[PDB]
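Asks: in the first instance, please consider these chains from the complex; the rest will follow:
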Amino acid sequence: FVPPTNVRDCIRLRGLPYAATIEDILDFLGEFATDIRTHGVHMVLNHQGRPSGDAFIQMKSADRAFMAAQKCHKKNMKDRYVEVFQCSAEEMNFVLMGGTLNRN
Amino acid sequence: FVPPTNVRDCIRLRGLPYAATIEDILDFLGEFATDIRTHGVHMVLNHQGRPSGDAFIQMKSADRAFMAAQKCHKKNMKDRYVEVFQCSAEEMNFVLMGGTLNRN
Amino acid sequence: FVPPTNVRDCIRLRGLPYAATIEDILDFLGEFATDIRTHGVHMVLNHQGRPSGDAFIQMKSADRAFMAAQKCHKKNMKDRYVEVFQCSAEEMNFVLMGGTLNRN
């Protein structure tokens, strides 16, 4: 199965500290926190239902997702460097139903 | 408009501490953490895009959502009593697009 | 009700990052930290009693409040561009008793 990638308006955060708060995530986005679409940030659970270190956020456009990833990929949060990956909503929703993304 | 309530298999957490972690939310659910259906916990932003203190979680059934609310409603998390409300996925998704739930 | 606006010797900070401290605020003000009047800086709660991201500071004169706004408006603090608005003490005190400033 190839999750569709035509519209990449989401970001995945990977490597979040176990102690990350919602404020830590919004401060890490900085000016990009106003470019979030919807009223939710998705904290991801792994295949055992446990904290993954991952989160997904839908942005207002693919270009805002691209610029957030450019600015924030490997940026510091609580002395960990957090990965930021531009992705599609299908990729996000595939992971939320238990899928594994191979694209990196 | 009132969102449908036929299938009440979700829970809303209200009054989370500002520094709540995903671990603190799963510990708060306790035995009901294994009854989460998807691989996501939704941290809710208000109409200014700021943290609301709410979260939504989809459960494996309406009975498990009822039992979680029965046990966890007004339980302590870091000295705040957190409310737990059994709700439908339509109510959750309405709030995630900016709606206000009048059922309480 | 529109609060008096004749003596604009205060500043409002808006859009402070979640991580903002009192040290961060004084460092952000730079040369204007010496123009602060009293021994307090007001951190503002919103209508629900939650953090707003706003602060108020009284300065020793309108001209120094003006200059703090002119030089610090939309300056960076920890990856947010913080708004700095010149205002009166009546405007500040109105907000501190739960009023809204319509003037921008």
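Replies: Here it is on my side, so go on. Numbering: from 1, shown residues only, chains lettered A, B, ... in the order given.
Asks: can we go C-alpha only for contacts and neighbour counts from here?
Replies: Fine.
Asks: any idea how far the spatially most central residue of chain A lies from chain C?
Replies: Residue closest to the mean C-alpha point of chain A, counted by C-alpha atoms, centre = their mean, is residue A:12 at 2.0 Å. To chain C, residue A:12 is 19 Å away according to C-alpha to the nearest C-alpha, to the nearest Å.
Asks: also residue A:23?
Replies: 6 Å.
Asks: can you pull the contacts of the closest residue to that residue other than its chain neighbours?
Replies: Ranked by C-alpha to C-alpha, 6 or more residues apart in numbering or on different chains and with sequence neighbours excluded, the top spatial neighbour of residue A:23 is residue C:18, at 5.9 Å. By C-alpha atoms under 8 Å, 6 or more residues apart in numbering or on different chains, the contact list for residue C:18 reads A:23-24, A:26-27, C:53.
Asks: which of the residues you listed fall within strands?
Replies: Mapping the contacts of residue C:18 onto strands (DSSP state E) picks out residue C:53.
Asks: widest-spaced pair of the contacts of residue C:18?
Replies: A:24 and C:53 (14.3 Å; C-alpha to C-alpha).
Asks: so which bits of chain A are right by chain B?
Replies: Chain A comes close to chain B at residues A:18-23, A:33-34, A:36, A:38-47, A:49, A:51, A:95-98, as judged by C-alpha under 8 Å from any C-alpha of the partner chain.
Asks: before we move on, the earlier item: is the residue nearest to the centre of chain A in a helix, a strand, or coil?
Replies: Under DSSP: H, G, I helix; E, B strand; the rest coil, the three-state class of residue A:12 is strand.
Asks: my read: it touches residue A:82, true?
Replies: No: contact criterion C-alpha atoms under 8 Å: residue A:12 and residue A:82 do not qualify, at 9.9 Å.
Asks: now whatever residue of chain A ends up closest to chain C. Nearest residue, chain neighbours left out?
Replies: Using C-alpha to the nearest C-alpha, the closest approach of chain A to chain C is made by residue A:30 at 4.9 Å. Nearest residue to residue A:30 in three dimensions, chain neighbours excluded: residue C:79, at 4.9 Å (C-alpha to C-alpha, 6+ apart).
Asks: can you tell me how far that neighbour is from residue A:86?
Replies: 20 Å (C-alpha to C-alpha, to the nearest Å).
Asks: buried residues in stretch A:20-36, which are they?
Replies: Residues of stretch A:20-36 classed as buried: A:20-33, A:35-36 (neighbour count, 16 or more other C-alpha atoms under 10 Å in any protein chain shown).
Asks: next one is chain D, place it on the structure:
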Amino acid sequence: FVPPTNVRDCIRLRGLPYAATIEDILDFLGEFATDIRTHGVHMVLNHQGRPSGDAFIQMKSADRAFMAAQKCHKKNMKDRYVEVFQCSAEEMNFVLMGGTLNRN
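Replies: Putting chain D onto the chains we already have gives this:
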């Protein structure tokens, strides 16, 4: 000069961590965050205009200030154990105009 002390409806927090935020103060107060009066928390400057480590908050009653002090005095916040002292508004406003309290 000894400021009036008959109505002790404020609390002084002393020894705040360098990284303290308004969210950290509200989480620290727990249930007592809802008993704050006004929409301000006062962060205190020392006589060289730098952070003192102190903050003052007015509460809705003298007994709620007593109860916040009883629960929170020397409670942990980050790397500090923060003192909480029940005091009057005259004691608070005396300190905010550069006064020293000689009561403990």
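Asks: now that chain D has been added, could you go back to the contacts of residue C:18?
Replies: A:23-24, A:26-27, C:53, D:21, D:23.
Asks: helix/strand/coil for residue A:64?
Replies: Applying three-state DSSP: residue A:64 is helix.
Asks: okay, now it: neighbour count?
Replies: 20 (other C-alpha atoms under 10 Å in any protein chain shown).
Asks: I figured residue A:41 hits residue B:40, correct?
Replies: No: Residue A:41 is beyond contact range of residue B:40, at 9.3 Å (criterion: C-alpha under 8 Å).
Asks: hmm, back to that, filter the contacts of residue C:18 down to the ones in helices?
Replies: A:23-24, A:26-27, D:23 (DSSP state H).
Asks: make JSON lines from those residues and add distance to residue D:103 to it.
Replies: JSON lines is the format used below for the ones in helices among the contacts of residue C:18 (distance: C-alpha to C-alpha, whole Å):
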{"residue": "A:23", "distance to residue D:103": "37"}
{"residue": "A:24", "distance to residue D:103": "39"}
{"residue": "A:26", "distance to residue D:103": "42"}
{"residue": "A:27", "distance to residue D:103": "40"}
{"residue": "D:23", "distance to residue D:103": "29"}
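Asks: which stretches of chain A form strands?
Replies: A:10-14, A:40-45, A:51-58, A:75-77, A:80-87.
Asks: counting by contacts, list what the third one packs against.
Replies: When contacts are defined as 3 or more C-alpha pairs under 8 Å, 6 or more residues apart in numbering or on different chains; DSSP states H and E, strand A:51-58 packs onto strand A:10-14, strand A:40-45.
Asks: so which of the ones you listed is nearest residue C:63?
Replies: That would be strand A:40-45 among those, by C-alpha to C-alpha, at 42.9 Å.
Asks: what's next to that closest one, contact-wise?
Replies: A:51-58, A:96, B:22, B:39-45, B:96.
Asks: report the angle between it and strand B:40-45.
Replies: 150 degrees (axes from the mean of the first three to the mean of the last three C-alpha atoms, to 10 degrees).
Asks: which residue packs closest to the residue nearest to the centre of chain A, ignoring adjacent ones?
Replies: Leaving aside its sequence neighbours, residue A:12 sits nearest to residue A:56 (C-alpha to C-alpha, 6+ apart; 4.5 Å).
Asks: next one: residue A:61
Replies: Leaving aside its sequence neighbours, residue A:61 sits nearest to residue A:9 (C-alpha to C-alpha, 6+ apart; 5.1 Å).
Asks: do you know how far that neighbour is from residue A:36?
Replies: In terms of C-alpha to C-alpha, residue A:9 sits 10 Å off from residue A:36.
Asks: put this one in as chain E:
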Amino acid sequence: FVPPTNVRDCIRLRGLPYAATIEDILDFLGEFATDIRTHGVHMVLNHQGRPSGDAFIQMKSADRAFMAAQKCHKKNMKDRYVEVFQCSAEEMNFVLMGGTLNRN
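Replies: Now chain E, sitting on the chains shown earlier:
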């Protein structure tokens, strides 16, 4: 490969709450805390190097491991029913070098 099981003087804790501390583990064992053998408790990392929620403790005899498991298996720690499994030191050391126990 089958790890030897002749001498089952260890216990595995599984499903520890995320807030569990070493003080919590010792308090949960109650009367059995004095039957711990060495000066160490092992907190287990999963196949990704991330927390598992498991721990291993070597006891002073198989009978004390059996009695500790009898008393403490599915006992409450901070709203989790924590699993307590009697096992051998070979089983414990096999898991610590990356092995998976098939015995439950």
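Asks: can you check the contacts of residue C:18 again with chain E included?
Replies: Contacts of residue C:18 (C-alpha under 8 Å, 6+ apart): A:23-24, A:26-27, C:53, D:21, D:23.
Asks: now swap in residue A:83 and tell me
Replies: Residue A:83 neighbours (C-alpha under 8 Å, 6+ apart): A:12-15, A:72-75.
Asks: which residues touch the residue nearest to the centre of chain A?
Replies: By C-alpha under 8 Å, 6+ apart, the neighbours of residue A:12 are A:54-57, A:83-87, A:92.
Asks: now with 6 Å?
Replies: A:55-56, A:84-85 (C-alpha atoms under 6 Å, 6 or more residues apart in numbering or on different chains).
Asks: highest neighbour count among those?
Replies: Highest neighbour count within the contacts of residue A:12: residue A:56, with 27 neighbours (other C-alpha under 10 Å).
Asks: that one bridge partners, please.
Replies: According to DSSP bridges, the partner residues bridging residue A:56 are residue A:12, residue A:42.
Asks: same question for residue A:77.
Replies: Residues in beta-bridge contact with residue A:77 (DSSP bridges): residue A:80.
Asks: could I have stretch A:25-41 exported to PDB, CA atoms only?
Replies: Extracted in PDB, the C-alpha atoms of stretch A:25-41 (Å, rounded to 0.1, in the frame of the first residue of the first chain):
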ATOM      1  CA  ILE A  25       5.000  21.800  21.300                       C
ATOM      2  CA  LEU A  26       3.400  25.100  20.500                       C
ATOM      3  CA  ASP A  27       6.500  27.100  21.600                       C
ATOM      4  CA  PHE A  28       8.700  24.700  19.500                       C
ATOM      5  CA  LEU A  29       6.500  25.600  16.400                       C
ATOM      6  CA  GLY A  30       7.000  29.400  17.300                       C
ATOM      7  CA  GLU A  31       5.400  31.600  14.700                       C
ATOM      8  CA  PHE A  32       4.000  28.400  13.000                       C
ATOM      9  CA  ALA A  33       1.600  27.700  15.900                       C
ATOM     10  CA  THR A  34      -0.800  30.200  14.400                       C
ATOM     11  CA  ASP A  35      -0.700  28.100  11.100                       C
ATOM     12  CA  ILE A  36      -2.300  25.100  12.800                       C
ATOM     13  CA  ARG A  37      -5.600  24.000  11.200                       C
ATOM     14  CA  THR A  38      -8.200  22.400  13.300                       C
ATOM     15  CA  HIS A  39      -8.400  22.600  17.100                       C
ATOM     16  CA  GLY A  40      -6.400  19.400  17.800                       C
ATOM     17  CA  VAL A  41      -2.800  18.200  18.200                       C
END
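Asks: distance of residue A:79 from chain D?
Replies: 15 Å.
Asks: fine, thanks again, bye for now.
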